[PDB]
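**Student:** coords please:
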Amino acid sequence: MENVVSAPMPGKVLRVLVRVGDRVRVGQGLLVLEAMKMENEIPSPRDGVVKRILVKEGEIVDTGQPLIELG
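**Tutor:** Numbering: from 1, shown residues only. Please find the structure below.
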């Protein structure tokens, strides 16, 4: 049971697609992570509510780094 969206690889947080409190669906893109001339939509692992967004747009993140917590 997944509660935290973490970075699958290092990247730059290009865009955060949802806000705290928003309802989300499994497989929905929640943010866009840029890496190696590619824009990766990072999905919600489950239906739920966005509780916390732990990064800002522009931020560089490393592998496994927490990005979003679901409530």
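**Student:** State the phi and psi torsions of residue 41.
**Tutor:** phi -80, psi 120 (degrees, to the nearest 10).
**Student:** Would you agree it is in contact with residue 32?
**Tutor:** Yes: with contact defined as Cβ atoms under 8 Å, residue 41 counts as touching residue 32 (5.8 Å). For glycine as for every other residue, the C-beta is placed from the backbone atoms N, C-alpha and C.
**Student:** Compare these two and say which is more crowded by neighbours.
**Tutor:** residue 32 (17 against 14; other Cβ atoms under 10 Å).
**Student:** Just the element for the more buried one, please.
**Tutor:** Element membership for residue 32 (DSSP states H and E) is strand 29-34.
**Student:** So which elements touch that strand?
**Tutor:** Applying 3 or more Cβ pairs under 8 Å, 6 or more residues apart in numbering; DSSP states H and E, one finds that strand 29-34 contacts strand 11-16, strand 39-43, strand 66-70.
**Student:** which residues touch the helix or strand just after the first one?
**Tutor:** On the C-terminal side of strand 11-16, the closest following helix or strand by DSSP H and E is strand 23-24. Defining contact as Cβ atoms under 8 Å, 6 or more residues apart in numbering, one finds that strand 23-24 is touched by 18, 30, 44, 47-50, 70.
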